[PDB]
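K.L.:
coordinates only, sequence not included:
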């Protein structure tokens, strides 16, 4: 299979520099031009650079020409993107793409799975988890509010995966330059509170993992 | 993929009319002739009609020539079968098939998954569920007798799927022009009655869903 | 698919004779030469015989030439290997392989899944299972020591498969010309001893199956 | 008005042996085609123009026949083939055959019998159904008798069979004796005895009405 | 009487780096072939005639060699490749190589140690086995000592190792000290201390016999 | 010209038709020895299938130049070269392709010509032999014909990676036989 | 390439490949000083002598080979089968033409020869003790022909490896596709029965098996077209 | 198409493609008024001068190119290698023939030229400061030949882009497959050593890489057949 798998990234403070790399597999790398593309929080796609099949020419867009530099080493089949003087507008998810030739134009066949870049000045913060029980019927909806952490993401698991079928995970919302999300689970009244329900919140950025038993109010 | 997916059907009283349709996908529809076939409760297969590649000719068998009419609209890749003056002998499961050309004869490559037609005069009846516990060893076989419903089918789920590995579902048997089935589940004596076992009977025809806790007698 | 599936084997006392067979599927059997290969307890691979595409020639190695005889019947696509005057050094796992032609040499494309041969003089012995509980934290590691059985293998299942995610099965070790293995399972302190944990030891050679509830010491 | 008769209707192979299913016609026919139908799924294509195989079909399947008697042969048999196989004719009125239930053979299994007194919910409604479960037996053929207080009964006996298990390749059975409340409390002992090619004597499960 | 020696026997790659396994022969050879064997499964085909790849094999695998020294090279390494690789010769007596255990490298993991007093079921039989579980550690190399009442023992110590975990890529270990009933109740304190390249001092789990 | 069963190896009743043709494939590497046989019309082996062979049996002595013709029956799209060499009586089968390349040989490109005919200059069953206690006027002139893959079998996608070849033999006009000798395994049954 | 015609029959064939005039003789007539100089034997020219194109047989990988008998093959067919039947004696020469239609991606080799007095011999029970005589469907297959069951010995105990000793021609797919053979009247008598005696039999067997990669047509149509030469008949009934 | 023979050697080759007579001269002999008119140099005709067919090399996508040295290639081979060795002087012309066998579905282009005094130059350490002299296996590869490692500069610091200035011929798979070249004796002296001096070297390099879709034979056999012309020797030992 054609595989593009990229590495690097995380939290960087503004002004710092970083280097991203992508590793190729299952196609002759030298015969292709290769580009990076970034996606702002799941909406906007922006081209950032390309490199010719060999050294040859590099091409950049007018938002980045000056700070980023794209490179390749055609012995280990790997793209490189160093980014210097990184700004707040550079936070996004960066994909490495292969550029094939069509009749006239070009097209991006395969995209990697991306690395995530967050350029930001705040600290890394473990989240606070608060139980959501109700102060009357045959179905129970419990919750777990995990508030005021940075950066993203966090992970909410319910009884270690057993309850995945009735779980909604609601996107984290930014305010106070800290993120806040919610998560709900649905359970038949036969299971609760007769049996323990517990939300498990893992925040790898800080290596913090907190468990909340939902106890009846 | 070549896909034939058909729609329509259900319960109809004798004398009423109905129209069935099949939707095509992943092959040039106009270049093929298309037929319907019906299967009586999982045994007998009977050809019911074909249509030429375009309008052209229609062909029918001598059990149906007069009441059914097969049609196609080669803009949305969809077969049609209207059935008028429907009789009791028309109850069955109807598949849409594609007819390819061989050396001399024809052959049906792909069959859809079918719609079900039940021509009948009785009412729609929710089922009654009765527990089956025993009035002595290391394995427990419990049951759930769900009696006197119409039409088919019904669904018996055990503790919401957790017990699927030791479950036998025995075909519904018709008498009193109502259907009656049974369902058994097997459970280690470690689980019962220490833990709730419950059969769940859902009858979509009536939108009726009943739950039975098996309690020790 | 090309399938090589072989049959025969088990425990044999030294001096006895045995016959192994392999069944072919999904390739024209007669046009190929076919060989057996044996693997000593997962380490050493040793060629044992080949047969020509038809009757033709047989070829043997100098460890076996005299006792084994390889045959084929090109009506049911099946290899045969009779082994007479079997010795202690003949214990191993025997694969049937297909031999294709390359530029000059030969190569084995597909291997069957093998049968196991144990040449040995001792009796068949059911195993003894002993619980492993501890005489203090948030994770519990329990065990089950199953000692002094023959031959191999045995099977250790935990609560009937529910605990498979935190289970280590440690290879059986031979001493006293009986085998001895261990098996550990990991469980959150929420589950034990509040809920039954039980190891299940099945020894098909003797058709013996023993269950051990891990009770807190 | 051209009929196709298939023999046999039900079949059982070891597996690893051959299988020969037959489609006989009432009049001379030009070619024959074959389909396959596993349970819950529609018919799949298998053989056409008598001897040509559909893309998927394993090479171990074969086809022949001429005139009025055609046959589908399988050598050798494998547990993945068990389905119902229909033939079809294309000369006049496009007719199908009756099919052949191909099944896996295994060692004989005696049933695991379970008896169930009626439910204290149905009785409050003027009905009483006594149910008997014979689980996981082989082969499929079985006789079961109900013996009320030493008699035997056949009225209101409903018997249902499963399709062959996809794991151990057994069948299961349920037998229901649907009586009235009054007819139920008319007797004391209900008994379902299952007779099989496995055991020598029946397998009897019993209960006396005057205990729950 | 033509022997093939493979070096090294065990290997660990990062992954993302290259891997060079070698098959050396005692006499000059015409070509060499390579197989693969993952655990529980038979050998699969990999390289033939030294440099030609079997249909499945990724393009990242390579093959070369001439005369008496041949080699299989992988660049770059990925967690899906970890298997045992055998070479084979086809000139005279068809010989196999010893294989090369290729494994995934990861960050070092100290073990999670668990001690278990003998069972009050085995003791009623004249035996006493003390068991120690070291779970989820890396790398695989480890020393473990048993210290009874301040001594050390090596008699009757059985040690078993797992294959590398398919999730975190660690290994596990069990150590069993098989004594007699009388020899067991001869002492008071049993202790298993595990020494590793992770921690500076051993990881000690202990118990005193006179408490259960 | 009669078909020479060079591939006289399968005996399995239903594979007897296979003796008539031997094959060449992609799998065979350059230089590999495809096949070999002797120029012994009257003795056992390949020649027994040819009519020549059967007629030699009703005679005691003989001599003349022979002639084998090879026919490639593979796909039209295939191409490659085969080296066919003759090692006169006495000369041992050439070690490899190159050594056979130095002997009387013929490079055959079935990409150009589908047929090729080789001439065996001479064979003479004249040297008498009294082995067991049964005197047999035998060969010794076992001339040898080797055939090596000069190049490999080359084919484009869509063409089978194997093809067969047919050997046809006969003797030149300078052939002769002496001493009628009726001999046969097949006789009129009672 | 060009097309030749004989009456109402018009076949599209290649210019003029090498033809094989069996035994170096051309199918000629029979002079006046014979056995029956009285019953002047009428010689058909009109329709009787033209191009008959038999039901094409399909070559397969597993094909064993085919054979037809003469004049049997035609005694059923058309206005020639008309004469052969309602006439007492017959003598006739034959032009036989065999062609395949295959892509340059198929491979095979068919030997096509003619064998006088081709006498079929069955298996004889198997063990050799049953004196079973070949049926009528095996002795005179008609225009559909019949398949060999033991090609190697030509269902008659004779090596095929030596069939080349008869008027033969080869059809190697990678070189030619059409083979032609001229056959003179061969029999121990001037004339004979057209329904009882089959002067000869046309043989066509795959010496090198048909082959191709998945996707190419799996069966190669073999088309036998044949025409009677200097055919004569005597004594109408 | 037709086949030519020189003694016991018979090669099947195409009618007569364009041959390249290097430098417009034909490999001729050397008259009596020379340097050694006494030791009358014996000129081999019999077996010595015939068709040698070297171990076919397999073209690959990654192939860099090949080269052989003369007369080295043959001083090992047969009865010619016999004379070259146990004789003091040598002069000989050459007919070289190179052919590939590929389906109309392969693509490539091999330049095939001959270069007098082909002097190999290695890498020299890498950085340019090691005076490493090419081995003996690199200077005189024999009949197996040797592979270039820096085709672009022909392992000797010269553009290949200019090799056409030498007796060359092209082999474009989509047009021809066989290339032929006649080479006269070229040296600053009438005669010379057959084991110490390699008058020239045969070069064959893929200028357009071999290519094909998965499924077609992946290696194209290149067969070099060559024959000595007006070869002479002097002073037996």
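P.N.:
Good, I have the coordinates. Numbers count the residues shown, from 1 in each chain, chains lettered A, B, ... in the order given.
K.L.:
what's the distance between whatever helix or strand residue G:58 lives in and the middle of its chain?
P.N.:
Using DSSP states H and E, residue G:58 maps to strand G:57-59. Here the centre of strand G:57-59 is set off from its chain's centre by 15 Å, with CA atoms, centre = their mean, to the nearest Å.
K.L.:
The helix or strand just after that strand pairs with which strands, parallel or anti?
P.N.:
With elements assigned by DSSP H and E, the helix or strand that comes after strand G:57-59 is strand G:66-70. Strand G:66-70 has its sheet partners listed here by DSSP bridges as strand G:146-147 (antiparallel), strand G:200-211 (antiparallel).
K.L.:
Would you mind pulling the contact partners of strand G:66-70?
P.N.:
G:54, G:57, G:94, G:118, G:139-143, G:145-148, G:198-205, G:222, G:224 (CB atoms under 8 Å, 6 or more residues apart in numbering or on different chains). Where you see a C-beta, it was placed from the backbone N, CA and C, and this is true even at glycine.
K.L.:
just to revisit the earlier point, just say which of the strands paired with strand G:66-70 is most tucked in.
P.N.:
Highest mean neighbour count of the strands paired with strand G:66-70: strand G:200-211, a mean of 23 (counted as mean count of other CB atoms under 10 Å in any protein chain shown).
K.L.:
I'd like the next helix or strand past that one.
P.N.:
strand G:220-236.
K.L.:
Buried residues of that next one, list them for me.
P.N.:
G:220, G:222-234 (16 or more other CB atoms under 10 Å in any protein chain shown).
K.L.:
follow-up on the earlier one: return the set of buried residues in the strand holding residue G:58.
P.N.:
Buried-residue list, strand G:57-59, by 16+ other CB under 10 Å: G:57, G:59.
K.L.:
What strands line up against the host helix or strand of residue G:4, and which way round?
P.N.:
Secondary-structure assignment from DSSP H and E places residue G:4 in strand G:2-5. Here strand G:2-5 is paired, per DSSP bridges, with strand G:10-13 (antiparallel).
K.L.:
Just the buried residues of the strand it pairs with, please?
P.N.:
With burial defined by 16+ other CB under 10 Å, the residues of strand G:10-13 counted as buried are residue G:13.
K.L.:
And stretch D:113-120, by the same measure?
P.N.:
D:113, D:114, D:115, D:116, D:117, D:118, D:119.
K.L.:
And stretch G:100-113, by the same measure?
P.N.:
G:100, G:102, G:105, G:106, G:107, G:108, G:109, G:110, G:111, G:112, G:113.
K.L.:
closest to residue A:183 among these?
P.N.:
Distance to residue A:183, by CB to CB, is smallest for residue G:105 among the buried residues of stretch G:100-113, at 62.0 Å.
K.L.:
which residues sit in contact with the closest one?
P.N.:
F:75, F:76, F:77, F:158, F:159, G:212, G:213, G:216.
K.L.:
will you turn these into JSON lines that also has distance to chain H and neighbour count?
P.N.:
Output for those, formatted as JSON lines (distance: CB to the nearest CB, whole Å; neighbours: other CB atoms under 10 Å in any protein chain shown):
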{"residue": "F:75", "distance to chain H": "10", "neighbour count": "28"}
{"residue": "F:76", "distance to chain H": "10", "neighbour count": "19"}
{"residue": "F:77", "distance to chain H": "5", "neighbour count": "22"}
{"residue": "F:158", "distance to chain H": "8", "neighbour count": "20"}
{"residue": "F:159", "distance to chain H": "7", "neighbour count": "29"}
{"residue": "G:212", "distance to chain H": "14", "neighbour count": "22"}
{"residue": "G:213", "distance to chain H": "8", "neighbour count": "15"}
{"residue": "G:216", "distance to chain H": "13", "neighbour count": "16"}
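K.L.:
Not counting its neighbours along the chain, what's nearest the residue of chain G with the smallest separation from chain C?
P.N.:
At 10.2 Å from chain C, residue G:61 is the closest residue in chain G, using CB to the nearest CB. Distances taken as CB to CB, 6 or more residues apart in numbering or on different chains put residue G:210 closest to residue G:61, at 5.3 Å, once the chain neighbours are dropped.
K.L.:
was I right about the one you found contacting residue G:65?
P.N.:
No. The pair residue G:210 / residue G:65 is not scored as a contact, 11.8 Å apart, by CB atoms under 8 Å.
K.L.:
Identify the contacts common to the two.
P.N.:
With contacts defined as CB under 8 Å, 6+ apart, no residue is shared by residue G:210 and residue G:65.
K.L.:
re the thing from before, from the buried residues of stretch D:113-120, which land in helices?
P.N.:
With DSSP state H as the criterion, helices contain none of those.
K.L.:
Nearest to chain E among these?
P.N.:
Of all those, chain E sits closest to residue D:114, with 33.7 Å by CB to the nearest CB.
K.L.:
you'd agree residue A:144 is up against residue A:197?
P.N.:
No. The pair residue A:144 / residue A:197 is not scored as a contact, 9.7 Å apart, by CB under 8 Å.
K.L.:
Overlap of the contact sets of those two?
P.N.:
A:185, A:214.
K.L.:
of the buried residues of strand G:220-236, closest to chain H?
P.N.:
Looking across those and measuring by CB to the nearest CB, the closest to chain H is residue G:220, at 21.2 Å.
K.L.:
what's across from the closest one in the sheet?
P.N.:
The partner residues for residue G:220, given DSSP bridges, come to residue G:59.
K.L.:
Over to residue A:100?
P.N.:
According to DSSP bridges, beta-bridge pairing links residue A:100 with residue A:107.
K.L.:
Count the residues that sit near it.
P.N.:
Per other CB atoms under 10 Å in any protein chain shown, the neighbour tally for residue A:100 reads 12.
K.L.:
surely it meets residue A:34?
P.N.:
No. Counting by CB under 8 Å, residue A:100 stays clear of residue A:34, with 10.7 Å between them.
K.L.:
so which strand or helix has the spatially closest residue to residue F:179 that is not a sequence neighbour?
P.N.:
Taking CB to CB, 6+ apart, and ignoring the residues beside it in sequence, residue F:179 has residue F:60 as its nearest neighbour in space, at 3.3 Å. Using DSSP H and E, residue F:60 falls within strand F:59-72.
K.L.:
would you list every one of the helices in chain D?
P.N.:
Secondary structure of chain D (DSSP H): helices at D:181-184.
K.L.:
Show me the domain layout of it.
P.N.:
For chain D, the structural domains run D:1-106, D:107-209, going by CATH domains of a matching chain.
K.L.:
The residue lying closest to residue F:50 once chain neighbours are set aside - how many residues pack around it?
P.N.:
Spatially, and ignoring its direct neighbours in sequence, residue F:50 is nearest to residue F:2 (4.0 Å; CB to CB, 6+ apart). Residue F:2 has 22 neighbours, counted by other CB under 10 Å.
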